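Novice: The data below comprise the sequence and an experimental structure of the protein.
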Amino acid sequence: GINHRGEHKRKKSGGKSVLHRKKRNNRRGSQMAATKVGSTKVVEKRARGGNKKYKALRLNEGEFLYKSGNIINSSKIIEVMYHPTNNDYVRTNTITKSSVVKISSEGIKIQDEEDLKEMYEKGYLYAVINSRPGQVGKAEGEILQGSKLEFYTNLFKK
Amino acid sequence: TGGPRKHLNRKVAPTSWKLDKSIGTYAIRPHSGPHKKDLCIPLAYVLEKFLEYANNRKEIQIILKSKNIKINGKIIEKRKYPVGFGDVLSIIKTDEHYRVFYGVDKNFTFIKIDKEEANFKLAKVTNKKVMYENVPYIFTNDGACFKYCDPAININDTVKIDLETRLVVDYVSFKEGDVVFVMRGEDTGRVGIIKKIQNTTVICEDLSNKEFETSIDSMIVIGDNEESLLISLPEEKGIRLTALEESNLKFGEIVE
Amino acid sequence: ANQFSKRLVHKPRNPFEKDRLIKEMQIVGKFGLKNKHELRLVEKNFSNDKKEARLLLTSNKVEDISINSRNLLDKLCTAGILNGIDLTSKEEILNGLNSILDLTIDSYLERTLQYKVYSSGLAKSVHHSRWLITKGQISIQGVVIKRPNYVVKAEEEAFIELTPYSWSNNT
Amino acid sequence: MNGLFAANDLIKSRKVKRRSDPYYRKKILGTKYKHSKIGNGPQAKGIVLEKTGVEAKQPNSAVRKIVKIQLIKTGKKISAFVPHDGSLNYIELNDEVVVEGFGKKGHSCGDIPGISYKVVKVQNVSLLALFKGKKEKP
RNA sequence: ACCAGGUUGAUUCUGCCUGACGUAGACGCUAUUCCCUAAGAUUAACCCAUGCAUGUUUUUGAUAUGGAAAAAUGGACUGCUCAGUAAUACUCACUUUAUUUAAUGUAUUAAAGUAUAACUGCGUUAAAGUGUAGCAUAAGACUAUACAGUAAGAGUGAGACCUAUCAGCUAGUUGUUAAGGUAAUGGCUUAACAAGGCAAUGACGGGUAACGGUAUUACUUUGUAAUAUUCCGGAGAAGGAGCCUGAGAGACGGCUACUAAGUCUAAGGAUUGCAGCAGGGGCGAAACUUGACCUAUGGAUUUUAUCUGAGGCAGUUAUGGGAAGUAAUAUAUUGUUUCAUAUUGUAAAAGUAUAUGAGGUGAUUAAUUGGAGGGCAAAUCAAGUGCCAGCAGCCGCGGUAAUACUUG
Ligand SMILES: [Mg+2]
Ligand SMILES: [Mg+2]
Ligand SMILES: [Mg+2]
Ligand SMILES: [Mg+2]
Ligand SMILES: [Mg+2]
Ligand SMILES: [Mg+2]
Ligand SMILES: [Mg+2]
Ligand SMILES: [Mg+2]
Ligand SMILES: [Mg+2]
Ligand SMILES: [Mg+2]
Ligand SMILES: [Mg+2]
Ligand SMILES: [Mg+2]
Ligand SMILES: [Mg+2]
Ligand SMILES: [Mg+2]
Ligand SMILES: [Mg+2]
Ligand SMILES: [Mg+2]
Ligand SMILES: [Mg+2]
Ligand SMILES: [Mg+2]
Ligand SMILES: [Mg+2]
């Protein structure tokens, strides 16, 4: 269906290329699975020689880590704020790797810092994903603190 | 070719199997095992060609199913079992024991040994690291794992396997001035005294005081000293005289 | 073609010379050969060692005087075209290859079992030997041979007799 | 162009000069596949249409007997020369023949003009044997 | 380690044609043995009637003393062909900390409930196949990893036919950031931005009557030419595309659709891929038995009794290479093949070898093919025909005495 071969592309000089064999099963691809937000759902895959893969169609209640106090706690996922490569994913609410989100601060026990205090009055905090959702099958990430919060907030919608 | 190969051809067979390149077309492709592809031979050729105990395929099953064949102290009934380097095979009947290493002309030989040598076995360490729950381990060439050994045994030193309790008993370290045995390369079956150890090769001395250089992976030290001699040597002792002296013994030496 | 089906000898370069057919016909009638073809086989291997005798005189290797040249002198000596020499001495090895260039075709053609019967008292003519061998009346020490062009080696020379149980003898 | 490091200029120059070889030029263009008269083979087959004679060139004087046929493999018309005395009396029309060449590299030899082929078989009977009288024609 | 004939009234040169000699296919005439070795590659990767080539196994035991089904295991190897590909395929030297591996070896760990078959019994259609019951009824199914060992994938660099009447070419093309996907590196795919990348040391085009190396043949003074043929490697199963099971298939003696060709029928429907072994048709100048068998070497997870058109053993053919015959001693003597028979041998039959029998012949059962002016070894021998009929690779003979045509 979808191949990853290299025999079809042009040469370094720009001349055309010619094929001599059919499509092999060794280089075999799949379509994109866009992980949405909703009620949870996980389907299984079969890879080469056993080795089962997990893909997540609709994800909820991802895990996150507090960097200062060094504890890990679960939270809900509300909205997406920024996506690096394509800016259309923010209106469709798809979660991929390295895309910042907005999480509930209910179970989280935060320390007293100047920056997080004003958002902690409301329910929301910020986090950034660090795991492949479509292949591992679950999201994990870090909570934004310090100058890392200064970098992303210049890129927000405003 | 979408998968593995299962048929082997007699012309690409190794010449060290001493087969005839006559009327046959196919040869036995042996099983996967602990030894490499070069140092292994099938078992069904040993009972037919080198040892002479059977004539055809029927008499092979008779000796094997009677459970007298004992390789490394274990009974085996499969004809495709690979016999490697250095292992001791024996028959339970008649108390016959053999050690397997190469001759002088790159061929397999079988040398009758004693029951005091029939117990143990020699191998060479290749790798060592500490496994789970803080337990040390030492890995040999054939793939056996061994734990809780002496800390004076290094990565390249040889061991002595008891073969019945499967415990490391004795070891010989790696240094200069040791007797050595080689098993691969263009020079096989040479027995030599170490003179200089380089980082990748070893500069050695034959019993006929010659010289040859050989990589470190292809050798196995059998004794630290000449007086040690942990195993029994072959009859030629691996001297492998040159073609000049083979031309000298036929017609006499050139008088000058 | 294939190795089992290639040919060994070709036709000569000039097909009709009056100065070549007269020389060769003296050899056919004297030694008793049936074909011009079978004469051509015994001369090519006579050419091949002379192709190798020239190289060993010009070799600069120190071991080539010891090994291959001594491995040249023996093979003629076992068949017995050469008589005998001491292989330990160096200077006679030089004399052995120098004696090789003085041979002819007749030095090879004389050590054949057809001619070697007639040169002994067993046969009257050389044509008496070709008619005698093919019926199976002549035997070497153990073996009964039916090929008149069999080369006779040096040590097996004196042991040619009649077949003891044939009709050529009394039994 | 004589130099130690001039192998690139030597090979490029000597390939140009080799093209004026008159035997090598036909090998490049492949004329034996394009303009072959009989195809690529030792013999051929045909159907006879005429029995006619020609007259040889000066200074000799005779009449050479030939035959105009039509090949099967290609479909062209061609003339061949009957090679022995009194052999045309066997030949009738609406019959088959086999054709062999002269052996002078595609040219005409002798004093026969413009003809380069000769008949060998008629009705699977050898014409060399039939002139000797070993067989009879059906 | 070698040259000869041909331009002129005669001579010396340049220059080409021809003779003498190899390697693969076809053809004419003639043939007694034995052993070894080969046979639809060249045109048509064109169409196929018929018969046969992939099944094993107490794991349970068919109302059944040994076989029904279900489970388990292999059908991806082996064998056949050379259409496509001028380099990505192949060879050699390196990397894979950037990757997967059933069957193997040594070690670490963990441990009551729930279907469907075979069976019994009612049926259906021209055929090919299929249905409803007996709360129907069995065996089965609901541990995880290391390190070796085999197998495979993916990269870097260098080598390889003819063409200038083919001189400019390239736009996912070259690079940066980010993500998806794969077992994995990577414009492999997609967003955003930028203008890069290659060439007379031949880019970009066109042709091939082009599968690459190699074992092996020739000819040689630093090396050329052939290599379908032995072995290693790659690609395809009428032409194209897509996918299931699975450790491994983009599989074709597995499935789905379209195009080109069809076949059976009770007219509603059902169905086929011999570049597998024999065999037929077409094409051609051109290529064999619709034969017996698991003896030996092997494969199928222990292969001593299962299967094996893989692989052996025999029949047809001037495909070639060997050991030999058709006489010898003086009409006569002796005695080789064409004839038969024992033993050895064969899976069972041949054949070879050792021995034994008779009969009497080398005008015999047992020699042909080409040539006789020069090159070029061998007749101015005879009889016919007269620029006719004919011969001649080149030079050249034929006009009533031809060593140059026809016969002896
Ligand atoms: Mg010719
Ligand atoms: Mg074909
Ligand atoms: Mg079943
Ligand atoms: Mg072809
Ligand atoms: Mg082609
Ligand atoms: Mg039922
Ligand atoms: Mg784009
Ligand atoms: Mg080739
Ligand atoms: Mg076809
Ligand atoms: Mg296949
Ligand atoms: Mg395929
Ligand atoms: Mg397919
Ligand atoms: Mg088929
Ligand atoms: Mg066939
Ligand atoms: Mg033929
Ligand atoms: Mg004659
Ligand atoms: Mg003369
Ligand atoms: Mg002629
Ligand atoms: Mg003549």
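Specialist: Nice, thanks for sending it over. Numbers count the residues shown, from 1 in each chain, chains lettered A, B, ... in the order given. Ligands and ions are numbered 1, 2, ... in the order given.
Novice: Can you name the residue of the stretch 101-250 of chain B nearest RNA strand E?
Specialist: RNA strand E sits closest to residue B:143 of the stretch 101-250 of chain B, with a gap of 2.9 Å, by C-beta to the nearest atom of the strand. From N, CA and C alone the C-beta is placed, and that goes for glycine too.
Novice: Now do residue B:170 against residue B:123, distance only.
Specialist: Per C-beta to C-beta, to the nearest Å, residue B:170 is found 12 Å from residue B:123.
Novice: again, but for residue A:45
Specialist: Distance, residue A:45 to residue B:123, using C-beta to C-beta: 43 Å.
Novice: the more surrounded of those two?
Specialist: For residue A:45 versus residue B:123, the count of surrounding residues by other C-beta atoms under 10 Å in any protein chain shown is larger for residue B:123: 19 against 14.
Novice: Can you tell me the closest non-neighbouring residue to the more buried one?
Specialist: Excluding its sequence neighbours, the residue lying closest to residue B:123 (C-beta to C-beta, 6 or more residues apart in numbering or on different chains) is residue B:140, at 4.5 Å.
Novice: what's near enough to touch the one you found?
Specialist: B:123, B:124, B:125, B:126, B:146, B:159 (C-beta atoms under 8 Å, 6 or more residues apart in numbering or on different chains).
Novice: thinking the second one is in contact with residue B:158, fair?
Specialist: So the one you mean is residue B:124. Yes - contact criterion C-beta atoms under 8 Å: residue B:124 and residue B:158 qualify, at 4.8 Å.
Novice: got any residues that touch both of these two?
Specialist: Common neighbours of residue B:124 and residue B:158 are listed as B:220, B:221 (criterion: C-beta under 8 Å, 6+ apart).
Novice: In terms of neighbours, single out the busier of the two.
Specialist: More neighbours surround residue B:158 than the other of residue B:124 and residue B:158, with 23 against 18 (other C-beta under 10 Å).
Novice: For the more buried one, give me the backbone phi and psi.
Specialist: The phi and psi torsions at residue B:158 (degrees, to the nearest 10) take the values phi -100, psi 160.
Novice: Show me what it bridges to in the sheet.
Specialist: residue B:124, residue B:172 (DSSP bridges).
Novice: and it, how far is that from residue B:171?
Specialist: Distance, residue B:158 to residue B:171, by C-beta to C-beta: 7 Å.
Novice: picking up where we left off before, kindly indicate which of the contacts of residue B:140 lies nearest residue D:56.
Specialist: Of all the contacts of residue B:140, residue B:126 has the smallest distance to residue D:56: 93.0 Å, by C-beta to C-beta.
Novice: Look at the residue of chain B found nearest RNA strand E and tell me its secondary structure.
Specialist: Closest contact between chain B and RNA strand E, by C-beta to the nearest atom of the strand, is at residue B:3 (2.5 Å). What DSSP: H, G, I helix; E, B strand; the rest coil gives for residue B:3 is coil.
Novice: re the thing from before, what's near enough to touch the nearest residue to the residue of the stretch 101-250 of chain B closest to RNA strand E once chain neighbours are set aside?
Specialist: Excluding the flanking residues, the one nearest residue B:143 by C-beta to C-beta, 6+ apart is residue B:34, at 5.0 Å. Shown in contact with residue B:34 (C-beta under 8 Å, 6+ apart): B:84, B:142, B:143.
Novice: Dump those residues to TSV, plus secondary structure, neighbour count and distance to residue A:148.
Specialist: Formatted as TSV, the contacts of residue B:34 follow (DSSP: H, G, I helix; E, B strand; the rest coil; neighbours: other C-beta atoms under 10 Å in any protein chain shown; distance: C-beta to C-beta, whole Å):
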residue	secondary structure	neighbour count	distance to residue A:148
B:84	coil	18	59
B:142	coil	19	53
B:143	coil	10	49
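Novice: Helices along the chain, start to end?
Specialist: Picking chain A for this. Taking DSSP state H to define them, one finds helices in chain A at A:89-92, A:117-121, A:133-136, A:147-152.
Novice: that's the wrong chain, I meant chain C
Specialist: C:18-31, C:37-57, C:70-79, C:90-100, C:106-109, C:113-118, C:127-133.
Novice: now residue D:110, what's its secondary structure?
Specialist: Under three-state DSSP, residue D:110 comes out as coil.
Novice: how much space is there between it and chain C?
Specialist: Distance from residue D:110 to chain C, counting by C-beta to the nearest C-beta, to the nearest Å: 25 Å.
Novice: hey, where'd the strands end up in the chain?
Specialist: Chain wasn't specified; assuming chain A. Applying DSSP state E to chain A gives strands spanning A:36-37, A:41-44, A:54-59, A:63-65, A:72-74, A:77-82, A:100-104, A:124-129, A:140-143.
Novice: Let me rephrase: I mean chain D.
Specialist: Counting by DSSP E, chain D has strands at residues D:44-55, D:63-71, D:77-81, D:96-101, D:117-122, D:125-126.
Novice: who wins for proximity to chain C among those strands?
Specialist: Closest of the strands of chain D to chain C is strand D:96-101, at 25.0 Å (criterion: C-beta to the nearest C-beta).
Novice: sorry, back to before: overlap in contacts of residue B:170 and residue B:123?
Specialist: Listed as contacting both residue B:170 and residue B:123 by C-beta under 8 Å, 6+ apart are residue B:159.
Novice: and stretch A:137-147, how far apart are its ends?
Specialist: With C-alpha to C-alpha, to the nearest Å as the measure, the ends of stretch A:137-147 fall 30 Å from one another.
Novice: again, but for stretch D:126-138
Specialist: Distance between the two ends of stretch D:126-138: 13 Å, counting by C-alpha to C-alpha.
Novice: can you list contacts of that stretch?
Specialist: With contact meaning C-beta under 8 Å, 6+ apart, stretch D:126-138 is reached by D:83, D:84, D:85, D:86, D:87, D:90, D:119, D:120, D:121, D:122, D:123, D:125.
Novice: Most widely separated two among those residues?
Specialist: D:85 and D:123 (19.6 Å).
Novice: Which one of the two is surrounded by more residues?
Specialist: Of the pair residue D:85 and residue D:123, residue D:123 is the one with more neighbours under other C-beta under 10 Å, namely 14 against 8.
Novice: Show me which residues of chain B sit near chain C.
Specialist: When proximity is defined by C-beta under 8 Å from any C-beta of the partner chain, chain B lies next to chain C at B:243, B:244, B:247, B:248, B:251, B:252, B:253, B:254, B:255, B:256.
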